[PDB]
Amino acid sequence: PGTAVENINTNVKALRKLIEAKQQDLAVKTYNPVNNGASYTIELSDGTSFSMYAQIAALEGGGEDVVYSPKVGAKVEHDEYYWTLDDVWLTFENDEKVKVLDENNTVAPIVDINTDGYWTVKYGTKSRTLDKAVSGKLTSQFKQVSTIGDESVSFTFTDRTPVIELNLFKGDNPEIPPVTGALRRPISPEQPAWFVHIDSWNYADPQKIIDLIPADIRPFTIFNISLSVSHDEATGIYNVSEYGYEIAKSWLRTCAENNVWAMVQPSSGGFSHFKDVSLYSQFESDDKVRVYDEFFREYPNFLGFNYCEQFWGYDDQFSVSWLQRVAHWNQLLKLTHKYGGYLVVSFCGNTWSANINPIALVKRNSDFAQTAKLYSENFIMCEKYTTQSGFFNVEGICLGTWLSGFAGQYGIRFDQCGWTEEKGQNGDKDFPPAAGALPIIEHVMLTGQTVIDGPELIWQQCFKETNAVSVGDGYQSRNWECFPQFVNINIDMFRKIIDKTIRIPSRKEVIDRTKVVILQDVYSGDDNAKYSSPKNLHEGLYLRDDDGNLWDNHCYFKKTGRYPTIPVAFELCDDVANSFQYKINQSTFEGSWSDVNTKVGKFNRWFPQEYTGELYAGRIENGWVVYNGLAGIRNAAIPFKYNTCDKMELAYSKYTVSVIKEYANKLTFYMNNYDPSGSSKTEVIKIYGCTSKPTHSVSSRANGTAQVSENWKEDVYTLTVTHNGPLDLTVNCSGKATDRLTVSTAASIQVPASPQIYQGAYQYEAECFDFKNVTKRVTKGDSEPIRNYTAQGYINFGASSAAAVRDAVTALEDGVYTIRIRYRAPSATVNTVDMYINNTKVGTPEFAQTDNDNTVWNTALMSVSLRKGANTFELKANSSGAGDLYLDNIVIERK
C-alpha cells in the first residue's frame, strides 16, 4: 500500500514537525525502524507519533530506473527555518522565501502530480509546476534516525537539510532491574512445556487465546507470539504482521499482565522482522536491534526468540544467508544465557537443505558450536513436520543435537502439512488429526522430548475466530474458539503428561535405552554425504515396507518399536554424551552397516524382541507406546514385563494410539483415536494367564465416547472397546509369574513456578475492545490506508451519538493511573466522548484535531483511580461527533 506521493508528503510533514519539536524543545520519547529501516515510527513527548520513510514507493507505471522527484527540505537563514526545493529556496511568485513555522498556517508544502503529468508543489493558495513526472524508482529526502551518546536523537536527510537533533526523553519512573542469571523457567521431564501460539494469522486478541488454555495447563504453557513473514515480494514489506515489533510488544505486555510465560517468533525462513547481528556488542550499542535486549530487560515473563523452519528463504534480497543467521544465533545465545532464556530453533528438511541442518549447524560453524556447548541449557532444537519427506533422518539428527550436548532440550513441532500431497498415507488423502497424536506421544515418551510446539497449522488445528458475540449491555466482541481436535487430542495428551501416565525420560535415560549413535565424521562428497544420515539407515529397522529411504521417506509412522530412534550427531561434547555404548562413525557406514541384513543382525543382538505383530509397540520401563499406523485392524502379541499375567494381545483400528502402563496386578490404557466427524472405532484387548476373574473400568475423557464389553472364557479376558476420542481404561488382572520387574516409585511432576510480577505498562488494542455503533473495525490493518498503528489494526470509533467501546483492564494495586488513548481525529476536535471507569463517568478526553496524514496518531491522557484487580474501561459518545475518531489502543501506567 501507500503511494510515492503519500510517502513524499509524509516526510515533508515530518520535517515541519521535527523543526517545531526543536523550537518547542519537545523530546523524542521513542523511535523504531521497520522493514530494515525502510521506515521509522517516531513518538514525541507530547504524544505525537508519525512515520518517516527512508525508502519511497515507486511511482506507478513500471519504470525501473531512478527518476527525479522534488526534494522539499529546510535550511536556516537569519535565525529561522525556511523551505527548500531541490536545495534552493522554495519560492512561488515573489522570489520570497517561505517560513517553516508561521503560526498562521499549519499546512506544509504539498507535493503532487497534476493532470498533465508534471510535479507540483503547493503552499497556501500558491502553486508552482516543476518537471515532468516519469514512472520509476524515487529517492527519499530523509536518510535515517539514530542515537548520539544517549542524550540525543539525530534526524539525517539526503539533501543538505542540516542534521536535526532532539533530546531523548529521560523517563521519570524508577528502573525495574531485569531477571538475570538462572533460567527464568526451567524445562525438564518434571516441567514439560507446551508452546501455544498467539498467532498473527488468527488476528488474535492475546487475552482471548490465553483464556482458552485451561487453568491446569496454563502454568506449563509458554505462549509463542508468532509474527508472520508474509510480505510483498518486490519491496520486502510485511503485510499480515505489518508491525512485528508492535505486535510482539503488545501481546507480550498482555502475557506479562496475565503472569504467563511467553516467547516471540520473528522468523520462519531466512525472513525475520528483526535485524540479524554479527557482534554481541550490538545488543546494547546498535539502535537498529534494540528489540532483543528490550524484551528480555522489560518483561520478566519473556523467555526468548523462536526461529522456526530454518530450512528455506535464505539469500533473498530481503533476508540473510544461513551463515549470517548462525552468526546471529551465536551472539543471541549469549544474550539469552545472560537473561536465563531459551533460543528455540526448529528444522524440517529436504535434499537441498542438508548443508543447513542441525549437523551442519555445528559442523560448519565452530564458533557457534563452542557457544552452543557452553550455553546448551539455553538452546532448544525441535524437529518440525512441515516438509514432505525425511522425517526419520531429521528426527534422528534433532535428537542427536540434544543427546550429544549441543542443545539442552529436545522438542516436537508437529504440522498437518507433512501429510503426503495428492495421495496421503494408507489411502487417506486428507490429513486425519488422529494421525498427529502418534509421533508426539512416541517421541515424547520414548525419546525424551520436553517441548511440544503447536501443533500446526495453528489456524486449522488449534484456534479460529468466529463472528462476534453479544457480551451484555448492547456490546458485541470478537470471539475465538478451540478446534475440537485441540481439546480432544492436544490438551488431553498434555494432561496425560501432567497426570504421570506419560513419563518423559531424561537425557541420560534416553542415552541408556538408545545404546547407539552415529557420528557424522564425513568431509568428502555431496552435502547429504556430509550432513545427512546414511541413506539406508532406517531400512529393515523401522522404515515401513511401502515407504523409501531418506528423501523418499514420506511417512512418519514406524513399522516396529523394537529399535529406538537412532540418533545422529556431529560430536559428543560431555561425559554424558560419551557414555553411549556404541559409537558408529558414518565414514565406516558404507563399509559395514550399509548391508541391511548385516545391520539388522547386529541391532537384533543389541535390542531383544519384546513383541510380535504389525502394530508399533515400544517399551520404556513399565510403559508401552502402541499404535496403528496402517490401514485395517492390526495386531500385537506382547509378553508382560511387570504384570504377573502372561501376555496381552491387541487389535487396534487405524490411527489408534495407546500408552499402556504395566503394574503387578493392574494395567492402564490411555487410548485415543479422535475424529471431529464422530466416527466410531473398535479395539480389542486380550489378557492371557489370569488366575482369577479380572475387572475393568473406563472413563471417557474430553468430548470422547466409549463403551466396553468384557468376556471371561477359558482363562482369557477380552475387552472390546468402542470409542471416538480419548479414554482411560483400567484393567485389574493378576497371575502367577514371579519373574517380573518391579515398578518404580511415582515419577515427579512439578507445576512450573509463575514469572516474576510485571511492574510495567499494560496495553489494550482498540480492535479488541467490545463495541457498539462504531463506523469500522480494522482487524487486518495492512490492506487499509492508515499506517503506524500498534498490533495488527485499530478501529474507527466514528461519530455516532450511540458509539461506545468497553474493555476489561487490570491493576496490580489501588491508586492513580495514567490512561494514554492513542487516537486520530483528522477533520475536527472531538469533545463528545466521555470515559467511564467501573460504570462511573471520570471525564471527557481532549481528542484534539490531528494532522490529516495517514501516519499520524496522537495520545490523550487521563488520570483515574483503579482498584486492585479487574476494572471496566468505557468510552461512550454523548452526542454526534464533530468528526471521526480513530482508536488504536490504550496504555495504562502507574502514576
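Residues carry their position along the shown sequence, with the first being 1.
Of the two segments examined, 60-68 and 828-836, it is 60-68 that shows the higher average Cα temperature factor in the deposited entry.
If you average the C-alpha B-factors over 736-744 and over 459-467, the higher value belongs to 736-744.
Highest C-alpha temperature factor among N301, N665, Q750, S272 per the entry: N665. If you compare the C-alpha temperature factors of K693, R503, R513, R619 in the entry, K693 comes out highest. Ranked against the other modelled residues of its chain, the C-alpha B-factor of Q265 as given in the entry falls in the lowest third. In the deposited entry, the Cα temperature factor of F847 places it in the highest third of its chain's modelled residues. Annotation for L26: CA B-factor lies in the highest third of the chain's modelled residues. Among all modelled residues in its chain, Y670 ranks in the middle third by Cα B-factor. For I110, the recorded CA B-factor ranks within the highest third of the chain. Only modelled residues enter the ranking.
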